[PDB]
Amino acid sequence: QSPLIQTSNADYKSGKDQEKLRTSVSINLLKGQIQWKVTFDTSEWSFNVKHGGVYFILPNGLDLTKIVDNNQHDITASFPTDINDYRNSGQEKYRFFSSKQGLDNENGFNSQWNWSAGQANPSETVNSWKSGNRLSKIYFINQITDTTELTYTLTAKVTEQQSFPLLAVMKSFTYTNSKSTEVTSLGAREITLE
C-alpha cells in the first residue's frame, strides 16, 4: 500500500480547525480478497449540532462483500443494489451509487462523486482515478452525529489486475468553507497487488 493521501476544501474560515479538518479521513489495509478499515475523526465537525455524512468509494475489480460500522454492526444488507429502488431516495440513510447504473442526476455516479470527493480539493492523483474511469461504486451513509473517531471495516472480493484505489469521504451538510461549499474531507490510499 501507498502512503496516505488527505485533502479538504477547508480554508481560513475554520481557524485552528483547518488542519485537523484536512486530516480527519484515514485508510489502512488489513489483509483473493481485500479488506481495509476507514477511520473518521469527527471531533471538530460539529455533527452533534447538525449532522454530516460519509462516503466509501470502490474501484473496478472490487466487489463489496462485507461492511461493518463503528458499532461493529454488519450493515451490508442496508444498502440498495438498484439505485432507483425507492429505498435509495435522498431521505434514506444508506444509499448506493454505481457507474453501471447511471452517471447523471441526483443518484448518478458522477453527481455523487462531485458532491463527495470532488469537493475535497482532490489532488491530481485522486482526479486521475476518477477521470481514468477507474472507480465505480459509492456507498453513502447519512445522519452522522458522532463526535468521536468512527471506524468502519470493509471487505471486498477481487473480481478481475494490480491497481486498487481506495477512497473515503466525510462532510458536513450544513457548515461551509469560504466559497460556500460544504466542508468536505477525503482520505485515500493505493493498494497494489504484487
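One rule holds for the numbers: they count along the sequence shown, beginning at 1.
- The entry shows a gap from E160 to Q161, with 1 to 3 unmodelled residues of the deposited sequence in between.
- The gap between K31 and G32 holds 1 to 3 unmodelled residues of the deposited sequence.
- Mean CA B-factor, 137-145 versus 32-40: the higher value falls on 32-40.
- Sorting the modelled residues of the chain by their CA temperature factor places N70 in the lowest third.
- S14: CA B factor in the lowest third of modelled residues in this chain (values from the PDB entry).
- When the modelled residues of the chain are ordered by C-alpha B-factor, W45 sits in the middle third.
- Per-chain ranking of the deposited C-alpha B factor places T23 in the lowest third.
- Residue-level temperature factors show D85 in the highest third of its chain, judged at the C-alpha atom.
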